[PDB]
Amino acid sequence: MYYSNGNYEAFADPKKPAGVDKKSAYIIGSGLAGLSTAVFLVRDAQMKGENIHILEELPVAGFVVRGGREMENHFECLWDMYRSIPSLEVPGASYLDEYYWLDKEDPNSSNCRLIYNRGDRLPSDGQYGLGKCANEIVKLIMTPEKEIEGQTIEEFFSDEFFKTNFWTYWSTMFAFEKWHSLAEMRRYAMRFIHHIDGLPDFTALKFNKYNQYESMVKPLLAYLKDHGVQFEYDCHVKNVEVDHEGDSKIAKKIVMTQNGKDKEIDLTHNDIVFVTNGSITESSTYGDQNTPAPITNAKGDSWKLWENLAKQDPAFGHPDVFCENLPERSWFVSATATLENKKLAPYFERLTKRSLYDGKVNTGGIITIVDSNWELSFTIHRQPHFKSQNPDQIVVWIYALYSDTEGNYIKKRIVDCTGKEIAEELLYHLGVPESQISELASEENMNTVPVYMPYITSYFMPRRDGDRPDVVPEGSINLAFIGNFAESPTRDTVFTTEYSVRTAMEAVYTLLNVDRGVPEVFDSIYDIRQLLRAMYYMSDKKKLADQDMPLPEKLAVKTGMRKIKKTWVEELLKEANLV
Amino acid sequence: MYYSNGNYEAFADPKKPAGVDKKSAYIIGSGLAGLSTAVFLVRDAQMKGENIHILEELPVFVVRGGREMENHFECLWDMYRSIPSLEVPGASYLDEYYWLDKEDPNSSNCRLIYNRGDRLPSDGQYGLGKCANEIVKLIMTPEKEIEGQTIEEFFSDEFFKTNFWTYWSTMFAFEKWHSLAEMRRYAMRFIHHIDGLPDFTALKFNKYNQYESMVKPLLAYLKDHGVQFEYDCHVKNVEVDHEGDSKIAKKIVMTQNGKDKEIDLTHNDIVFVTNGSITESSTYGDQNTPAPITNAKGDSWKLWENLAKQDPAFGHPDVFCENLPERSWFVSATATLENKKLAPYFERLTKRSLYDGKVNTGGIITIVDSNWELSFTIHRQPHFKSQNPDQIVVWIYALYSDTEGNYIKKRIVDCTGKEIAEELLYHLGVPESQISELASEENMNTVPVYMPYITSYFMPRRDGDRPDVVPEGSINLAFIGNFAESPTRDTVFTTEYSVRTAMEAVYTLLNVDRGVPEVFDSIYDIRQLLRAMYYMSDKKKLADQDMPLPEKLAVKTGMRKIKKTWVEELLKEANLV
Ligand SMILES: [K+]
Ligand SMILES: [K+]
Ligand code: NA
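Going down the list, the protein sequences come from chains B and A.
Residues 1 to 60, 73 to 591, numbered by the deposited numbering, are exactly what the first sequence covers, in order.
Residues 1 to 60, 75 to 591, numbered by the deposited numbering, are exactly what the second sequence covers, in order.
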């Protein structure tokens, strides 16, 4: 397998690799990584549809389970796949095309990113406000990853840094807690450096037409049905068994249980197994307008499988780190709130300076209430978010970064609230008069459903070498792990769909010997223009000479700019507006 | 119009732009730029095919010859993925090219020879020494600061004796009196290939000659979409108006079939002009006849002079087509081997059989002690589908045309095809007694061609000498080709440049809402800069590379400061530490 960039490798179709007609696929998990694996198998590997079996775990507005995240232009792998996938809303076009045109017609941006004081836009919204703390960020990048193994963000950054607007933007938009992986933070900093100009106003973000299920899953599924892939419902997989022959490792056996009966499968090498290991959606619970949701550390199929696998060889990772010992402080709860009327529309609309009812982008991503004890953020997508919605309905997404804090108005934790209470704390923070809050929040006017999720923060748990198992373990023969808990050999970032697609690609290309480049992670961090541009925007648009840095550094910079006068480097600096 | 990079914009299909049915296309020139312009109009602008008219200059073999490419011809690959192959049914041309490149990868086992068949001992070395710094000095020098400047005005005499200059000049056809700015552009553009210049591993080739592999699938695609080719067309001028600051094309005055003709045009008729030519006025010779020397300006150049007359922004053809030195490259010849008598000489050079259908010379071989700066190449065979199984076609070029050969005491421009072949056979180490018979028609047939403007793209230039692809205020007129000025830093004497001008022109004029890929950004990639300093110096660690003393001091100080950092990791990756 090899990595590449540029149009030549992107537009190129791979040759059918040797002996793929004698081979089959077992995809355990209908998670994005698994399905992606299947799509690549059909398209690039040219394995046959009737030979792909995706083993699902389930039998066949306000839907948290269907909700999904944003993307950006530089999800290279994901855009490769989706340019191969037929759209459902605009027949005859690829999903990528639908997405691309929608983004052009209804471009994402936020008119209000940070609020406080019960509904006032934060005066410094739009500013990073880093000061010398910017240098800290640079230092993090200058620090090799192996050197920060297991280390935490809180362990690296100053208190002053954590008071910056930059940290409010970063933590809330990416769900980075202070006790999370410093190495992963650093990866985000390098990876999305090209969007430093668009994080505060979210112009960097792009969104699907609808919730993740309608926009991202249904077109894939239709594509697969058209290609005769095999769907298995109500299946519950229990383990996979592996042998060691010299330095080689082979998957010999899979044990499991389906429908109402137990089953087993010995394996040919020509049967290929991909495990979408781990989950952040498992054990999700529901409440409603008048009911809350319950605390857990319960495990499940993915986690258990992964422990057995770790038992068999060290190379399968050390899983507990992701599903065990999550703080009460952790983000756990996410809720949906459906507005049945236009009674609460003005509060949001006053924030966004846009109408909720034109079908266009609204909050353009999350709005964070900075003086909220829960660190409450909320977002209203382009509507309808679900096609079921009636013309007057609006759907609002609510999340708390802190789950160990008493709210400002509802003195209970987010975890102890019904939908009505979360709605109530939000209404208080929107500047709804407290006398009106009870009638405005109730079902006649507002219908709110919460969900609790033990594992939503699991991806970002700090890690150590060998903690995450290589997508192809050294010596593996028909077994691969795919998804956001697998270790791609790239510097790519988890809690992204792009990572899932990348793992599927690397796994399929490696195992099935597909002779085509896998795109490297987009190389913005190595593009000097991007480095300069980032220094410009991170500093809130200050010329290099005016930026906050220690005095010897400032002098050194003055000397450097003196030396490079009338040079290509000076031109580069001019281009970045650093002089 | 906007520039972009990455897969998102690459894989995205543009919307049909507004009002593309009230507009028409007249493409002057059926060369790669024109055909590409037509392809983008059909595919992206979605102009209807019968509304596209390509005015060809020709009625219904060196001239067929074409250059190599590389992976980062971003626009060209964007085009050829849409074009069906003819050799590989059901696949795109890009697919054919890609698979071919994979099964028969290009490389050279012998780049430089001398002493009549001996491989140069330093083959594979750039051998730059301290001269390497000059190259850096050039990169670090803003283009505006070297406007109009010449290559020999910048570089030390020691630099010109380096192997690097031999490789560079012979592979790219850079003469010393050529554009320094263009050289700088080549250095930045192809920096990602510094690891693969001596052995030509950077190069990729079509299965066949340019007409067969590059042009024919295009023609089939275009006719298939019902584009209209109008033949025997000789455009003499295009008349344009000045309204306020605006420029508009009114009329094309042409002669077709010996008759003066005209087409007056609305603002909505769109005309693409391939200004200038490097192939025009080419003359032919054969085994027993030299090609006639000429200074004639054909249709293309006259058209460009007239256009320059009409508007100041329309460029200055005279800087490209006038006063070219006699030393300039002029002659290229094809030598068809009718049998296997001379085969061992080429085979001893390439360490490969000439008859396995696979790559041979893998690009040009330069004979360093030849007075002509004689280079020759043998592509993967057959190069023309016409060839019979015993035939092998050899391409011969001389960078110097004002010098007497070593065996044939004439300048190449005064030689028969047989004489050129004789000089080549001499340099291959054929015994002097055998040379006349071996060069003779029974064994070799060599056809020379004299091309007056083959070096014109590289003539030194100044801002405005080349007209902007869409000059400011134009509403229906665009210039395309390797004489047009793309607003990018892209490199001419490349097919990729032709494709780029076509894409930029169509996207700008017809308001196509999709990114045009920027020139591939290897020059801005730190991994590539580091890699370049590594390979350029013939694999020396940064401290060991030959450097002036203050500069060296700066480097030791720098390396000291960045010790144990991510930057040190990058330097490690580049093998600079
Ligand atoms: K790029
Ligand atoms: K060969
Ligand atoms: Na769709």
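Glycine included, each C-beta is placed from N, C-alpha and C at the ideal position.
For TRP191 (chain B), there is no enclosing alpha helix (DSSP H), as DSSP gives it neither H nor E. The beta-carbon of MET197 (chain A) is placed no less than 8 Å from the nearest beta-carbon of chain B. Annotation for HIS441 (chain A): the continuous alpha helix (DSSP H) segment containing it runs 431-441. The residues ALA33, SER36, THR37, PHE40 and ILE494, in chain order, have a CB closer than 6 Å to that of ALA516 (chain A) in the same chain once the five nearest residues on each side in sequence are set aside.
Assignment of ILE576 (chain A) by DSSP, reduced to helix, strand and coil, places it in the coil class.
Following the DSSP letters along the chain, one finds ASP115 (chain B) inside the alpha helix (DSSP H) bounded by residues 107-117.
Contacts with chain A (Cβ-Cβ distance below 7 Å) from the segment 73-92 of chain B involve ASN85, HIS86, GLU88, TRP91 and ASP92, listed in chain order. Secondary structure of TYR298 (chain B) (DSSP, three-state): strand.
Where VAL333 (chain A) is concerned, the enclosing alpha helix (DSSP H) starts and stops at 332-335.
Under a criterion of Cβ atoms nearer than 7 Å, the residues of chain A adjacent to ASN7 (chain B) are, in order, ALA10, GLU88, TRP91, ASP92 and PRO531.
The way I'd put it, the segment 221-231 of chain A doesn't touch the segment 518-534 of chain A; fewer than three beta-carbon pairs between them come closer than 8 Å. Ranking B:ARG480, B:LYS365, B:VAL267 and B:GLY299 by CA distance to the CA of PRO326 (chain B) puts B:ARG480 first.
Going by beta carbons, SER512 (chain A) and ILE284 (chain A) fall outside the 8 Å limit. What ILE149 (chain A) touches in chain B, judged by beta-carbon distance under 8 Å, is nothing: the nearest beta carbon there is about 13 Å away.
Short of 6 Å from the beta carbon of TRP315 (chain A), and not among the five residues preceding or following it, lie these beta carbons of its own chain, in chain order: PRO331 and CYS335. In terms of beta-carbon proximity, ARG203 (chain A) stays away from the interface with chain B, with every pair separated by 8 Å or more. Here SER450 (chain A) is exposed, its C-beta having fewer than 16 other C-beta atoms within 10 Å.
Relative to the non-hydrogen atoms of ligand 3, the Cβ of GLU110 (chain B) comes within a distance shorter than 7 Å of at least one. If you ignore the 5 residues before and after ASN589 (chain A), its C-beta comes within less than 6 Å of the C-beta of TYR548, all in its own chain and listed in chain order. Here DSSP, grouped into helix, strand and coil, assigns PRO304 (chain A) to coil. Taking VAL249 (chain A) as reference, the option from A:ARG95, A:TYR298, A:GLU56 and A:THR350 with the minimal CA-CA separation is A:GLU56. The segment 468-482 of chain A and the segment 269-278 of chain A do not touch, with fewer than 3 CB-CB distances between them shorter than 8 Å. Contact between the segment 43-52 of chain B and the segment 13-30 of chain B is present: 3 or more CB-CB pairs across the two stretches fall below 8 Å. Not a single C-beta of chain B is nearer than 8 Å to the C-beta of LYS273 (chain A).
With respect to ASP92 (chain A), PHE11 (chain B) sits close: the two C-beta atoms are nearer than 8 Å. The Cβ atoms of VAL461 (chain A) and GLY431 (chain A) lie closer than 8 Å to each other.
Around the beta carbon of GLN448 (chain A), a 10 Å sphere encloses fewer than 16 other beta carbons of the protein chains shown; the residue is thus reported as exposed. For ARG95 (chain B), the secondary structure class from DSSP, reduced to helix, strand or coil, is helix. Residue environment: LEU567 (chain B) is assigned as exposed (fewer than 16 neighbouring CB atoms within 10 Å of its CB, all protein chains considered). The way I'd put it, the segment 75-86 of chain B doesn't touch the segment 245-262 of chain B; fewer than three beta-carbon pairs between them come closer than 8 Å. In this structure, the CA atom of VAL373 (chain A) is about 30 Å from the CA atom of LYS175 (chain A). Put simply, the residues with a CB less than 5 Å from any heavy atom of ligand 2 are A:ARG366, A:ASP370, A:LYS372 and A:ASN374, in chain order. By the Cβ rule, the segment 417-434 of chain B counts as touching the segment 339-355 of chain B, because three or more pairs are nearer than 8 Å. Taken from the Cβ of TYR107 (chain B), at least one heavy atom of ligand 3 lies inside 7 Å.
DSSP, read as helix, strand or coil, puts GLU340 (chain A) in coil.
By the beta-carbon neighbour count (other beta carbons within 10 angstroms, threshold 16), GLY19 (chain A) is exposed.
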